[PDB]
$ cat final_26.cif   # mmCIF, N, CA and C atoms
data_target
loop_
_atom_site.label_atom_id
_atom_site.label_comp_id
_atom_site.auth_asym_id
_atom_site.auth_seq_id
_atom_site.Cartn_x
_atom_site.Cartn_y
_atom_site.Cartn_z
N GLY A 1 94.86 110.59 103.80
CA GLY A 1 93.97 109.50 103.47
C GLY A 1 92.85 109.92 102.54
N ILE A 2 92.56 109.08 101.55
CA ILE A 2 91.49 109.37 100.59
C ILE A 2 90.48 108.23 100.53
N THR A 3 89.22 108.56 100.76
CA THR A 3 88.15 107.56 100.73
C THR A 3 86.85 108.14 101.27
N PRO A 4 85.72 107.68 100.70
CA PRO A 4 84.39 108.13 101.10
C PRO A 4 84.00 107.64 102.50
N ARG A 5 84.19 106.34 102.73
CA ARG A 5 83.86 105.75 104.02
C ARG A 5 84.65 104.46 104.24
N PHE A 6 85.00 104.19 105.49
CA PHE A 6 85.76 102.99 105.83
C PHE A 6 85.66 102.69 107.32
N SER A 7 85.35 101.44 107.65
CA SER A 7 85.22 101.02 109.04
C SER A 7 86.14 99.84 109.34
N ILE A 8 86.74 99.86 110.52
CA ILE A 8 87.65 98.80 110.94
C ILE A 8 87.06 97.99 112.09
N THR A 9 87.30 96.68 112.07
CA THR A 9 86.79 95.80 113.11
C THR A 9 87.91 94.95 113.71
N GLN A 10 87.80 94.66 115.00
CA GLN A 10 88.80 93.86 115.69
C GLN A 10 88.23 92.50 116.08
N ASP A 11 89.07 91.47 116.02
CA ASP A 11 88.66 90.12 116.37
C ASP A 11 89.63 89.49 117.37
N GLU A 12 89.32 88.27 117.80
CA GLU A 12 90.16 87.57 118.76
C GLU A 12 91.18 86.68 118.04
N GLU A 13 91.39 86.96 116.76
CA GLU A 13 92.33 86.19 115.96
C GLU A 13 93.09 87.09 114.99
N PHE A 14 92.37 88.03 114.38
CA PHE A 14 92.97 88.96 113.43
C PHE A 14 92.13 90.23 113.31
N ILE A 15 92.54 91.12 112.41
CA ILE A 15 91.83 92.37 112.19
C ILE A 15 91.06 92.34 110.88
N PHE A 16 89.86 92.92 110.89
CA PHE A 16 89.02 92.96 109.70
C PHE A 16 88.67 94.40 109.33
N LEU A 17 89.35 94.93 108.33
CA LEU A 17 89.12 96.29 107.88
C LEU A 17 88.22 96.31 106.64
N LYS A 18 87.12 97.04 106.73
CA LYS A 18 86.18 97.14 105.62
C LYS A 18 86.21 98.54 105.01
N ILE A 19 86.17 98.61 103.68
CA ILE A 19 86.19 99.88 102.98
C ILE A 19 85.01 100.00 102.02
N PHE A 20 84.31 101.13 102.10
CA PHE A 20 83.16 101.37 101.24
C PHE A 20 83.55 102.17 100.00
N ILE A 21 83.14 101.70 98.83
CA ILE A 21 83.45 102.38 97.58
C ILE A 21 82.36 102.14 96.54
N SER A 22 82.23 103.07 95.60
CA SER A 22 81.23 102.96 94.55
C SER A 22 81.67 101.97 93.47
N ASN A 23 80.87 101.85 92.42
CA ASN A 23 81.18 100.95 91.32
C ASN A 23 81.92 101.68 90.20
N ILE A 24 82.76 102.64 90.58
CA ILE A 24 83.52 103.41 89.61
C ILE A 24 84.67 102.59 89.04
N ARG A 25 85.51 103.23 88.23
CA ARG A 25 86.65 102.56 87.62
C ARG A 25 87.47 101.81 88.67
N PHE A 26 87.31 100.49 88.71
CA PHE A 26 88.03 99.67 89.67
C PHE A 26 89.02 98.75 88.95
N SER A 27 90.25 99.23 88.78
CA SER A 27 91.29 98.46 88.11
C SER A 27 91.74 97.29 88.98
N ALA A 28 92.32 96.28 88.35
CA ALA A 28 92.80 95.10 89.06
C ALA A 28 94.31 94.93 88.89
N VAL A 29 94.99 96.03 88.55
CA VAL A 29 96.43 96.00 88.35
C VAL A 29 97.15 96.79 89.44
N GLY A 30 96.45 97.76 90.02
CA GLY A 30 97.03 98.58 91.06
C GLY A 30 96.68 98.08 92.45
N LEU A 31 95.72 97.16 92.52
CA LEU A 31 95.29 96.60 93.80
C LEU A 31 96.42 95.81 94.46
N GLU A 32 96.82 96.24 95.65
CA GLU A 32 97.89 95.57 96.38
C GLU A 32 98.13 96.25 97.73
N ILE A 33 97.42 95.80 98.75
CA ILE A 33 97.55 96.36 100.09
C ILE A 33 98.75 95.75 100.82
N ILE A 34 99.56 96.61 101.43
CA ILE A 34 100.73 96.16 102.17
C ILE A 34 100.71 96.66 103.60
N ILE A 35 101.10 95.80 104.54
CA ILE A 35 101.12 96.15 105.95
C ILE A 35 102.54 96.45 106.41
N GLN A 36 102.71 97.59 107.08
CA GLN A 36 104.02 97.99 107.58
C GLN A 36 104.40 97.19 108.82
N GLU A 37 105.49 97.58 109.46
CA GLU A 37 105.97 96.89 110.66
C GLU A 37 104.85 96.77 111.69
N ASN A 38 104.00 97.78 111.76
CA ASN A 38 102.89 97.79 112.70
C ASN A 38 101.62 98.34 112.05
N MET A 39 101.74 99.51 111.44
CA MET A 39 100.61 100.15 110.77
C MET A 39 100.30 99.47 109.44
N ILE A 40 99.16 99.80 108.86
CA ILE A 40 98.75 99.22 107.59
C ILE A 40 98.64 100.29 106.51
N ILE A 41 99.16 99.98 105.32
CA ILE A 41 99.12 100.91 104.20
C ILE A 41 98.12 100.46 103.15
N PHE A 42 97.14 101.31 102.88
CA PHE A 42 96.11 101.00 101.89
C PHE A 42 96.46 101.61 100.53
N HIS A 43 96.91 100.76 99.61
CA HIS A 43 97.29 101.22 98.28
C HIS A 43 96.20 100.87 97.26
N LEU A 44 95.34 99.92 97.63
CA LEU A 44 94.26 99.49 96.75
C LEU A 44 93.41 100.68 96.31
N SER A 45 92.76 100.54 95.16
CA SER A 45 91.91 101.61 94.63
C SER A 45 92.74 102.85 94.31
N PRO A 46 92.13 103.79 93.57
CA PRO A 46 92.79 105.04 93.18
C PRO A 46 93.00 105.97 94.36
N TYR A 47 92.47 105.59 95.52
CA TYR A 47 92.60 106.40 96.72
C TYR A 47 93.53 105.73 97.73
N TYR A 48 94.51 106.50 98.21
CA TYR A 48 95.47 105.98 99.18
C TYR A 48 95.02 106.28 100.61
N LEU A 49 95.09 105.26 101.46
CA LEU A 49 94.69 105.41 102.86
C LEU A 49 95.79 104.91 103.79
N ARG A 50 95.96 105.59 104.92
CA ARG A 50 96.98 105.21 105.89
C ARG A 50 96.34 104.94 107.26
N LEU A 51 96.48 103.71 107.74
CA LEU A 51 95.92 103.33 109.03
C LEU A 51 97.03 103.14 110.06
N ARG A 52 96.93 103.87 111.17
CA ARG A 52 97.92 103.78 112.24
C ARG A 52 97.27 103.32 113.54
N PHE A 53 97.47 102.06 113.88
CA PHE A 53 96.91 101.50 115.11
C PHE A 53 97.92 101.55 116.25
N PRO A 54 97.41 101.55 117.49
CA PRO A 54 98.25 101.60 118.69
C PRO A 54 99.03 100.31 118.91
N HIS A 55 98.72 99.30 118.10
CA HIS A 55 99.39 98.00 118.20
C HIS A 55 100.25 97.74 116.97
N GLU A 56 100.79 96.53 116.88
CA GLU A 56 101.64 96.15 115.76
C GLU A 56 101.11 94.89 115.08
N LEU A 57 100.85 94.99 113.78
CA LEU A 57 100.35 93.85 113.01
C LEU A 57 101.46 93.22 112.18
N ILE A 58 101.14 92.10 111.53
CA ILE A 58 102.11 91.40 110.70
C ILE A 58 101.47 90.94 109.39
N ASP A 59 102.26 90.97 108.32
CA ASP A 59 101.78 90.55 107.01
C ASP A 59 102.28 89.15 106.67
N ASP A 60 101.39 88.17 106.74
CA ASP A 60 101.74 86.79 106.43
C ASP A 60 100.98 86.29 105.21
N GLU A 61 101.04 84.99 104.97
CA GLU A 61 100.36 84.38 103.83
C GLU A 61 98.85 84.47 103.99
N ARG A 62 98.39 84.48 105.24
CA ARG A 62 96.97 84.56 105.54
C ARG A 62 96.41 85.94 105.19
N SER A 63 97.25 86.96 105.34
CA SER A 63 96.85 88.33 105.04
C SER A 63 96.45 88.48 103.58
N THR A 64 95.30 89.11 103.34
CA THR A 64 94.81 89.32 101.99
C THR A 64 93.50 90.09 101.99
N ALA A 65 93.13 90.64 100.83
CA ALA A 65 91.90 91.40 100.70
C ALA A 65 91.03 90.85 99.58
N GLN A 66 89.72 90.87 99.79
CA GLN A 66 88.78 90.37 98.79
C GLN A 66 87.78 91.45 98.40
N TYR A 67 87.52 91.57 97.10
CA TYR A 67 86.58 92.57 96.60
C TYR A 67 85.15 92.03 96.61
N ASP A 68 84.25 92.79 97.23
CA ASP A 68 82.85 92.39 97.32
C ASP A 68 82.00 93.21 96.35
N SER A 69 81.37 92.52 95.41
CA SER A 69 80.52 93.18 94.42
C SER A 69 79.10 93.36 94.95
N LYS A 70 78.63 92.37 95.70
CA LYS A 70 77.29 92.42 96.27
C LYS A 70 77.07 93.72 97.03
N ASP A 71 78.14 94.27 97.58
CA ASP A 71 78.07 95.52 98.33
C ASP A 71 79.02 96.56 97.76
N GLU A 72 79.78 96.16 96.74
CA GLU A 72 80.74 97.05 96.11
C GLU A 72 81.76 97.57 97.12
N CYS A 73 81.98 96.80 98.18
CA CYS A 73 82.92 97.18 99.22
C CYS A 73 84.18 96.31 99.15
N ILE A 74 85.21 96.73 99.88
CA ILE A 74 86.47 95.99 99.90
C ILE A 74 86.77 95.47 101.30
N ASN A 75 87.16 94.20 101.38
CA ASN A 75 87.48 93.58 102.66
C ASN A 75 88.98 93.33 102.79
N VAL A 76 89.58 93.86 103.85
CA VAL A 76 91.00 93.69 104.09
C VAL A 76 91.26 92.88 105.35
N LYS A 77 92.03 91.80 105.21
CA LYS A 77 92.36 90.94 106.34
C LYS A 77 93.84 91.04 106.69
N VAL A 78 94.13 91.06 107.99
CA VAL A 78 95.50 91.16 108.46
C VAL A 78 95.67 90.47 109.82
N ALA A 79 96.66 89.59 109.91
CA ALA A 79 96.92 88.87 111.15
C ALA A 79 97.60 89.77 112.17
N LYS A 80 97.39 89.48 113.45
CA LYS A 80 97.99 90.26 114.53
C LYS A 80 99.17 89.52 115.15
N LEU A 81 99.90 90.21 116.02
CA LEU A 81 101.06 89.62 116.68
C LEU A 81 100.64 88.91 117.96
N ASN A 82 99.51 89.32 118.52
CA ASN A 82 99.00 88.72 119.75
C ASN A 82 97.52 88.38 119.61
N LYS A 83 97.19 87.11 119.84
CA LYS A 83 95.81 86.65 119.74
C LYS A 83 94.98 87.16 120.91
N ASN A 84 93.66 87.18 120.74
CA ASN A 84 92.76 87.65 121.79
C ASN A 84 93.01 89.12 122.11
N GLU A 85 93.71 89.80 121.21
CA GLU A 85 94.02 91.21 121.40
C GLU A 85 93.02 92.10 120.68
N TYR A 86 92.80 93.30 121.21
CA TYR A 86 91.86 94.24 120.61
C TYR A 86 92.52 95.59 120.37
N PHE A 87 91.72 96.58 119.98
CA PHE A 87 92.22 97.92 119.71
C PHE A 87 91.35 98.97 120.38
N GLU A 88 91.91 100.16 120.58
CA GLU A 88 91.18 101.26 121.20
C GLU A 88 91.26 102.52 120.35
N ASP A 89 91.63 102.35 119.09
CA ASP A 89 91.74 103.48 118.17
C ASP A 89 90.80 103.31 116.98
N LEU A 90 90.54 102.06 116.61
CA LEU A 90 89.66 101.76 115.49
C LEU A 90 88.30 102.44 115.67
N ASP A 91 87.95 102.72 116.92
CA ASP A 91 86.68 103.37 117.23
C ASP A 91 86.62 104.76 116.62
N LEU A 92 87.78 105.39 116.48
CA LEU A 92 87.86 106.73 115.92
C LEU A 92 88.63 106.73 114.60
N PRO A 93 88.11 107.45 113.60
CA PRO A 93 88.73 107.54 112.28
C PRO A 93 90.03 108.34 112.30
N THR A 94 89.98 109.52 112.92
CA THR A 94 91.15 110.38 113.01
C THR A 94 92.30 109.67 113.70
N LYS A 95 91.98 108.85 114.70
CA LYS A 95 92.99 108.10 115.44
C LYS A 95 93.82 107.24 114.50
N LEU A 96 93.26 106.92 113.34
CA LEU A 96 93.96 106.10 112.35
C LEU A 96 94.74 106.97 111.37
N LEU A 97 94.12 108.06 110.93
CA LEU A 97 94.75 108.97 109.99
C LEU A 97 95.95 109.67 110.63
N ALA A 98 95.81 110.00 111.91
CA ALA A 98 96.88 110.67 112.65
C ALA A 98 97.23 112.01 112.02
N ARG A 99 96.20 112.74 111.59
CA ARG A 99 96.40 114.05 110.97
C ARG A 99 96.94 115.05 111.97
N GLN A 100 97.22 116.26 111.50
CA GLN A 100 97.75 117.32 112.36
C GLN A 100 96.73 118.44 112.54
N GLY A 101 95.84 118.57 111.57
CA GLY A 101 94.82 119.61 111.63
C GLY A 101 95.39 121.00 111.40
N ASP A 102 94.79 121.99 112.04
CA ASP A 102 95.24 123.37 111.90
C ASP A 102 95.95 123.84 113.17
N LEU A 103 96.47 122.89 113.94
CA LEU A 103 97.17 123.20 115.17
C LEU A 103 96.33 124.11 116.06
N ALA A 104 95.01 124.00 115.94
CA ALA A 104 94.10 124.81 116.74
C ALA A 104 92.91 123.98 117.23
N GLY A 105 92.91 123.67 118.52
CA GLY A 105 91.83 122.88 119.08
C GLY A 105 92.29 121.97 120.20
N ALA A 106 91.43 121.75 121.19
CA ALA A 106 91.76 120.90 122.32
C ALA A 106 91.70 119.42 121.93
N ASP A 107 92.87 118.81 121.76
CA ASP A 107 92.95 117.41 121.39
C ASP A 107 94.00 116.68 122.22
N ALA A 108 93.76 115.41 122.49
CA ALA A 108 94.69 114.60 123.28
C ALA A 108 94.73 113.16 122.78
N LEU A 109 95.79 112.45 123.13
CA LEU A 109 95.95 111.06 122.72
C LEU A 109 96.55 110.22 123.84
N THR A 110 96.07 108.98 123.97
CA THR A 110 96.55 108.08 125.01
C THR A 110 96.70 106.66 124.47
N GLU A 111 97.93 106.25 124.22
CA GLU A 111 98.20 104.91 123.71
C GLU A 111 98.90 104.05 124.77
N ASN A 112 98.41 102.83 124.93
CA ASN A 112 98.98 101.91 125.91
C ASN A 112 100.09 101.06 125.28
N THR A 113 101.09 100.72 126.09
CA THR A 113 102.21 99.91 125.61
C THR A 113 101.89 98.42 125.68
N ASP A 114 102.65 97.62 124.94
CA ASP A 114 102.45 96.18 124.92
C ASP A 114 103.10 95.52 126.14
N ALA A 115 102.48 94.46 126.64
CA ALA A 115 103.00 93.74 127.79
C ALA A 115 104.09 92.77 127.38
N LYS A 116 103.79 91.92 126.40
CA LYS A 116 104.76 90.94 125.92
C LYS A 116 105.96 91.63 125.28
N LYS A 117 107.14 91.39 125.85
CA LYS A 117 108.37 91.99 125.34
C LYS A 117 109.42 90.92 125.07
N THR A 118 110.33 91.20 124.15
CA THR A 118 111.39 90.27 123.80
C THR A 118 112.76 90.88 124.02
N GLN A 119 113.64 90.13 124.68
CA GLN A 119 114.99 90.61 124.95
C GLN A 119 116.03 89.70 124.30
N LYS A 120 116.58 90.15 123.18
CA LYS A 120 117.59 89.38 122.46
C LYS A 120 118.77 90.26 122.06
N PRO A 121 119.55 90.68 123.06
CA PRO A 121 120.73 91.53 122.84
C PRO A 121 121.86 90.79 122.13
N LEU A 122 122.98 91.47 121.96
CA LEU A 122 124.14 90.88 121.30
C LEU A 122 125.34 91.81 121.36
N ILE A 123 126.53 91.23 121.49
CA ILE A 123 127.76 92.01 121.56
C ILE A 123 128.71 91.64 120.43
N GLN A 124 128.85 92.54 119.46
CA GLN A 124 129.73 92.31 118.32
C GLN A 124 131.19 92.46 118.72
N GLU A 125 132.08 91.86 117.94
CA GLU A 125 133.51 91.92 118.22
C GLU A 125 134.32 91.97 116.92
N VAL A 126 135.42 92.71 116.94
CA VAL A 126 136.27 92.84 115.77
C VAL A 126 137.69 93.23 116.16
N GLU A 127 138.67 92.60 115.53
CA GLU A 127 140.07 92.89 115.81
C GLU A 127 140.37 94.37 115.65
N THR A 128 141.58 94.77 116.02
CA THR A 128 141.99 96.17 115.92
C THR A 128 143.48 96.28 115.60
N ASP A 129 143.90 97.47 115.17
CA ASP A 129 145.30 97.70 114.83
C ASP A 129 146.08 98.17 116.06
N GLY A 130 147.39 97.90 116.05
CA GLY A 130 148.23 98.29 117.17
C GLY A 130 149.53 97.51 117.22
N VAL A 131 150.62 98.21 117.49
CA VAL A 131 151.93 97.58 117.56
C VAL A 131 152.51 97.67 118.97
N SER A 132 153.68 97.07 119.17
CA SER A 132 154.33 97.08 120.48
C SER A 132 155.65 97.84 120.42
N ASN A 133 156.25 97.88 119.23
CA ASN A 133 157.51 98.58 119.04
C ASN A 133 157.36 100.07 119.34
N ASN A 134 158.48 100.73 119.64
CA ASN A 134 158.47 102.15 119.95
C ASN A 134 157.76 102.94 118.86
#

$ encode --input "final_26.cif" --output "structure tokens"
Amino acid sequence: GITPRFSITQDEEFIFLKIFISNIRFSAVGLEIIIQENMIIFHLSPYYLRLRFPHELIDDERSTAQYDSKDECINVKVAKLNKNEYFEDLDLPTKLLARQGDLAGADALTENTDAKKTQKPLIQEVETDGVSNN
């Protein structure tokens, strides 16, 4: 992850990620933030950032980011899969980067699983070869 400063906020409807940046070369052709199956990928700006939350988000039409000049900061919006839901990793920066470090130091992680689950199995079928003659 590359960036001077960035803070994430959680809401009872969606997630609000804020990024701090200077008034340096800010192109408008490379700007395009995309959200993965669950985690969020920050491609905007010349600096790439990777956010990994303990939950799963979704990228819909509502999802979008707006550039703030008054503060020279960037605002990223992303809808969640469950309303009234929060996070327990946004509090820590490393928890988002998910770095490895120097494999030296007492560190631990505790992520909770989701309650709402979906069960939609399926059994495929296809003919087969075989004769009856000797």

$ atom_distance --input "final_26.cif" --atom1 "atom N of residue 16 (chain A)" --atom2 "CA of residue 80 (chain A)"
9.3 Å

$ atom_distance --input "final_26.cif" --atom1 "atom C of residue 26 (chain A)" --atom2 "CA of residue 7 (chain A)"
20.6 Å

$ closest_residue --input "final_26.cif" --among "A:53, A:86, A:20, A:48" --to "residue 32 (chain A)" --atoms "only C-alpha atoms"
A:48

$ axis_aligned_box --input "final_26.cif" --around "region 81-88 of chain A" --padding-each-side "3 Å" --output "JSON"
{"center_x": 96.1, "center_y": 94.6, "center_z": 119.1, "size_x": 15.9, "size_y": 21.9, "size_z": 12.1}

$ atom_distance --input "final_26.cif" --atom1 "atom C of residue 58 (chain A)" --atom2 "atom C of residue 110 (chain A)"
22.3 Å

$ closest_residue --input "final_26.cif" --among "A:107, A:59, A:114, A:37" --to "residue 76 (chain A)" --atoms "only C-alpha atoms"
A:59

$ decode --input "final_26.cif" --residues "region 35-70 of chain A" --atoms "C-alpha atoms" --output "mmCIF file, in the first residue's frame"
data_model
loop_
_atom_site.group_PDB
_atom_site.id
_atom_site.type_symbol
_atom_site.label_atom_id
_atom_site.label_comp_id
_atom_site.auth_asym_id
_atom_site.auth_seq_id
_atom_site.Cartn_x
_atom_site.Cartn_y
_atom_site.Cartn_z
ATOM 1 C CA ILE A 35 -14.121 -3.214 -5.050
ATOM 2 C CA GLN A 36 -13.312 -6.929 -4.996
ATOM 3 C CA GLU A 37 -15.627 -9.743 -3.906
ATOM 4 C CA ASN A 38 -15.135 -8.519 -0.338
ATOM 5 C CA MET A 39 -12.004 -6.378 -0.047
ATOM 6 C CA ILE A 40 -11.551 -2.994 -1.722
ATOM 7 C CA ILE A 41 -8.856 -2.086 -4.244
ATOM 8 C CA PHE A 42 -7.616 1.508 -4.348
ATOM 9 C CA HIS A 43 -6.311 2.305 -7.833
ATOM 10 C CA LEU A 44 -7.034 6.038 -7.707
ATOM 11 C CA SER A 45 -4.058 8.404 -7.582
ATOM 12 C CA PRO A 46 -0.466 7.426 -8.473
ATOM 13 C CA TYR A 47 -0.397 5.406 -5.251
ATOM 14 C CA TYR A 48 -1.972 1.951 -5.030
ATOM 15 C CA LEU A 49 -3.678 0.899 -1.797
ATOM 16 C CA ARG A 50 -5.181 -2.430 -0.733
ATOM 17 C CA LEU A 51 -7.890 -2.605 1.933
ATOM 18 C CA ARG A 52 -8.810 -5.973 3.443
ATOM 19 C CA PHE A 53 -11.806 -5.932 5.786
ATOM 20 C CA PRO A 54 -13.100 -8.859 7.885
ATOM 21 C CA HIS A 55 -16.417 -8.498 6.057
ATOM 22 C CA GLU A 56 -17.569 -8.565 2.432
ATOM 23 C CA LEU A 57 -18.607 -5.469 0.479
ATOM 24 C CA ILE A 58 -20.305 -5.031 -2.897
ATOM 25 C CA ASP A 59 -19.782 -2.661 -5.824
ATOM 26 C CA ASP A 60 -23.082 -1.255 -7.089
ATOM 27 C CA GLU A 61 -24.265 1.872 -8.905
ATOM 28 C CA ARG A 62 -24.287 3.729 -5.585
ATOM 29 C CA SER A 63 -20.592 2.985 -5.072
ATOM 30 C CA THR A 64 -18.381 5.897 -6.121
ATOM 31 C CA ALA A 65 -15.655 8.309 -5.023
ATOM 32 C CA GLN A 66 -15.587 12.112 -4.996
ATOM 33 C CA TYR A 67 -12.526 14.368 -5.000
ATOM 34 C CA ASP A 68 -12.500 17.094 -2.348
ATOM 35 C CA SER A 69 -10.492 20.224 -3.149
ATOM 36 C CA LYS A 70 -11.457 22.147 -0.013
#
